[PDB]
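target_1.pdb follows (PDB, C-alpha atoms):
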ATOM      1  CA  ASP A   1      82.373 102.061  96.305
ATOM      2  CA  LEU A   2      83.232 101.121  99.924
ATOM      3  CA  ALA A   3      84.060  97.406  99.795
ATOM      4  CA  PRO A   4      87.639  97.841  98.518
ATOM      5  CA  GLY A   5      88.080 100.404 101.280
ATOM      6  CA  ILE A   6      86.741  97.965 103.857
ATOM      7  CA  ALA A   7      88.930  95.039 102.764
ATOM      8  CA  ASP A   8      91.991  97.271 103.313
ATOM      9  CA  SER A   9      90.986  98.471 106.776
ATOM     10  CA  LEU A  10      90.442  94.901 107.861
ATOM     11  CA  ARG A  11      93.886  93.801 106.730
ATOM     12  CA  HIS A  12      95.290  96.970 108.355
ATOM     13  CA  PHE A  13      93.794  95.681 111.608
ATOM     14  CA  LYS A  14      94.870  92.067 111.248
ATOM     15  CA  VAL A  15      98.554  92.806 110.572
ATOM     16  CA  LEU A  16      98.590  95.311 113.459
ATOM     17  CA  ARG A  17      96.390  93.353 115.949
ATOM     18  CA  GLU A  18      93.683  95.966 116.489
ATOM     19  CA  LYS A  19      89.998  95.996 117.469
ATOM     20  CA  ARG A  20      89.880  92.245 118.219
ATOM     21  CA  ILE A  21      90.453  91.290 114.582
ATOM     22  CA  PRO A  22      92.228  87.943 114.940
ATOM     23  CA  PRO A  23      95.540  87.495 113.095
ATOM     24  CA  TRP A  24      94.140  84.529 111.120
ATOM     25  CA  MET A  25      91.105  86.172 109.524
ATOM     26  CA  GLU A  26      90.518  85.864 105.768
ATOM     27  CA  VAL A  27      89.386  89.147 104.271
ATOM     28  CA  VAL A  28      88.194  87.856 100.886
ATOM     29  CA  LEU A  29      86.626  90.433  98.549
ATOM     30  CA  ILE A  30      85.411  88.567  95.469
ATOM     31  CA  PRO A  31      84.854  91.513  93.132
ATOM     32  CA  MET A  32      81.945  92.452  90.889
ATOM     33  CA  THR A  33      83.097  92.151  87.288
ATOM     34  CA  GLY A  34      79.839  91.625  85.401
ATOM     35  CA  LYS A  35      81.132  88.337  83.953
ATOM     36  CA  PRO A  36      80.529  84.752  85.115
ATOM     37  CA  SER A  37      83.327  84.815  87.699
ATOM     38  CA  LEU A  38      82.952  83.644  91.315
ATOM     39  CA  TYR A  39      79.935  84.790  93.338
ATOM     40  CA  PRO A  40      80.740  88.281  94.619
ATOM     41  CA  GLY A  41      80.810  89.126  98.281
ATOM     42  CA  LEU A  42      83.069  90.077 101.161
ATOM     43  CA  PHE A  43      83.626  86.888 103.085
ATOM     44  CA  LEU A  44      85.345  87.050 106.467
ATOM     45  CA  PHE A  45      86.412  83.719 107.954
ATOM     46  CA  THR A  46      87.460  83.414 111.578
ATOM     47  CA  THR A  47      86.792  79.746 112.354
ATOM     48  CA  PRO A  48      89.460  77.186 113.244
ATOM     49  CA  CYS A  49      90.773  74.195 111.311
ATOM     50  CA  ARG A  50      91.719  76.136 108.194
ATOM     51  CA  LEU A  51      95.109  76.517 106.571
ATOM     52  CA  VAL A  52      97.086  79.726 106.746
ATOM     53  CA  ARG A  53     100.607  80.848 105.906
ATOM     54  CA  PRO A  54     102.687  83.942 106.624
ATOM     55  CA  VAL A  55     103.752  86.528 104.094
ATOM     56  CA  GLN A  56     105.035  90.094 104.339
ATOM     57  CA  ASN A  57     102.449  92.802 103.735
ATOM     58  CA  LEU A  58     104.583  95.372 101.955
ATOM     59  CA  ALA A  59     102.517  98.474 102.723
ATOM     60  CA  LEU A  60     102.824  98.202 106.500
ATOM     61  CA  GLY A  61     105.957  96.117 106.839
ATOM     62  CA  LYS A  62     104.584  93.311 108.967
ATOM     63  CA  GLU A  63     103.773  89.633 108.717
TER      64      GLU A  63
ATOM     65  CA  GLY B   1      48.962 111.730 121.115
ATOM     66  CA  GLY B   2      47.649 110.888 117.654
ATOM     67  CA  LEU B   3      51.058 110.493 115.947
ATOM     68  CA  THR B   4      50.099 111.353 112.389
ATOM     69  CA  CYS B   5      52.227 110.497 109.360
ATOM     70  CA  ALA B   6      54.633 112.768 107.478
ATOM     71  CA  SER B   7      56.069 113.095 103.979
ATOM     72  CA  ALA B   8      58.880 111.189 102.244
ATOM     73  CA  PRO B   9      62.487 111.868 103.304
ATOM     74  CA  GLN B  10      64.633 113.268 100.527
ATOM     75  CA  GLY B  11      68.102 111.999 101.422
ATOM     76  CA  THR B  12      69.729 109.696 103.960
ATOM     77  CA  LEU B  13      73.066 110.801 105.397
ATOM     78  CA  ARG B  14      75.289 107.865 106.313
ATOM     79  CA  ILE B  15      77.808 108.596 109.078
ATOM     80  CA  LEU B  16      80.761 106.198 109.187
ATOM     81  CA  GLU B  17      84.347 106.246 110.453
ATOM     82  CA  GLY B  18      86.878 107.549 107.982
ATOM     83  CA  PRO B  19      89.389 105.589 105.930
ATOM     84  CA  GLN B  20      92.626 104.642 107.626
ATOM     85  CA  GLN B  21      94.913 107.383 106.320
ATOM     86  CA  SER B  22      98.688 107.487 106.981
ATOM     87  CA  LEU B  23      98.690 103.738 107.722
ATOM     88  CA  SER B  24     100.602 102.625 104.623
ATOM     89  CA  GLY B  25     103.896 104.318 103.835
ATOM     90  CA  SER B  26     104.389 105.866 100.409
ATOM     91  CA  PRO B  27     107.466 103.722  99.674
ATOM     92  CA  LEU B  28     107.161  99.970 100.085
ATOM     93  CA  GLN B  29     109.167  97.887 102.566
ATOM     94  CA  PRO B  30     110.309  94.578 101.050
ATOM     95  CA  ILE B  31     112.242  91.762 102.629
ATOM     96  CA  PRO B  32     115.840  92.349 101.481
ATOM     97  CA  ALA B  33     117.400  89.988  98.987
ATOM     98  CA  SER B  34     119.294  87.073 100.479
ATOM     99  CA  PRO B  35     122.902  87.639  99.393
ATOM    100  CA  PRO B  36     124.627  85.613  96.701
ATOM    101  CA  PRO B  37     127.223  83.221  98.160
ATOM    102  CA  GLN B  38     130.773  84.523  98.531
ATOM    103  CA  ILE B  39     134.022  82.689  97.939
ATOM    104  CA  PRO B  40     135.334  82.786 101.526
ATOM    105  CA  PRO B  41     138.567  84.694 102.207
ATOM    106  CA  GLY B  42     141.600  82.650 103.101
ATOM    107  CA  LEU B  43     141.363  79.709 100.701
ATOM    108  CA  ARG B  44     144.653  78.031  99.842
ATOM    109  CA  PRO B  45     145.847  74.616  98.640
ATOM    110  CA  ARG B  46     146.186  72.482 101.761
ATOM    111  CA  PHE B  47     146.854  69.265  99.805
ATOM    112  CA  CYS B  48     150.421  68.784  98.647
ATOM    113  CA  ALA B  49     151.107  66.010  96.155
ATOM    114  CA  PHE B  50     152.856  63.131  97.891
ATOM    115  CA  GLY B  51     156.548  62.509  97.395
TER     116      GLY B  51
END

What would you get if you wrote out this structure as structure tokens?
Amino acid sequence: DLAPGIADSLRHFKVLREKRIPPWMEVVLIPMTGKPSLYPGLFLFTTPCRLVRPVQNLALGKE
Amino acid sequence: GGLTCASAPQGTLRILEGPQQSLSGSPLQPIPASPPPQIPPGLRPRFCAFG
């Protein structure tokens, strides 16, 4: 009951450049469904040599 | 200085920073639609038929 509310406050730090969250971090919350979906977790990637692309986050208004 | 043992704790309060309120606005802010192309003003026949 906290992990959706942590994946939002780590995108609301990445799009606003706060608390040394890098702009290229992947906040990935693979949810718990109770079905054979992907393995659930909250996986934060910060390493180089990935691929990344810009969008507009509509709730804040920033890239 | 014996440091004897005690009973079992009933509950465990977890203190944590609150959710980020008033960060997202209640309406959404989309990128505006790129406009459809206009017929430009001041278009006239510049080619006259010869002779």

Original post:
Which chain A residues are at most 6 Å from chain B (counting only C-alpha atoms), as a list in words?
Top reply: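 Residues satisfying the distance criterion: residues 58, 59, 60 and 61 of chain A.
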
Report task. List the residues selected by the PyMOL selection byres ((chain A and resi 40) around 7) in the file shown, writing them as JSON, numbers by chain. Result -> {"A": [30, 31, 32, 38, 39, 41]}

Worksheet item: When you draw a straight line from CA of residue 48 (chain A) to CA of residue 24 (chain A), how long is it in Å?
Response: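 Computed distance, CA of residue 48 (chain A) to CA of residue 24 (chain A), equals 9.0 Å.
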
Target residues per the PyMOL selection byres ((chain A and resi 28) around 12), formatted as a CSV table (one decimal) with C-alpha atoms, in the coordinates of the input:
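As written to disk, expr.csv reads:
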chain,number,residue,atom,x,y,z
A,3,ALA,CA,84.1,97.4,99.8
A,4,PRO,CA,87.6,97.8,98.5
A,6,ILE,CA,86.7,98.0,103.9
A,7,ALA,CA,88.9,95.0,102.8
A,8,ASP,CA,92.0,97.3,103.3
A,10,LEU,CA,90.4,94.9,107.9
A,11,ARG,CA,93.9,93.8,106.7
A,25,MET,CA,91.1,86.2,109.5
A,26,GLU,CA,90.5,85.9,105.8
A,27,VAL,CA,89.4,89.1,104.3
A,29,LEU,CA,86.6,90.4,98.5
A,30,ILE,CA,85.4,88.6,95.5
A,31,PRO,CA,84.9,91.5,93.1
A,38,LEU,CA,83.0,83.6,91.3
A,39,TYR,CA,79.9,84.8,93.3
A,40,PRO,CA,80.7,88.3,94.6
A,41,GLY,CA,80.8,89.1,98.3
A,42,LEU,CA,83.1,90.1,101.2
A,43,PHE,CA,83.6,86.9,103.1
A,44,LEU,CA,85.3,87.0,106.5
A,45,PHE,CA,86.4,83.7,108.0
A,46,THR,CA,87.5,83.4,111.6

Where is the centre and how long are the edges: axis-aligned box on region 32-38 of chain A, 8 Å on each side, Å to one decimal, as lines of an AutoDock Vina configuration file:
center_x = 81.6
center_y = 88.0
center_z = 87.6
size_x = 19.5
size_y = 24.8
size_z = 23.4

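Atom pair CA of residue 23 (chain A) / CA of residue 55 (chain A) has a distance of 12.2 Å (rounded to one decimal).
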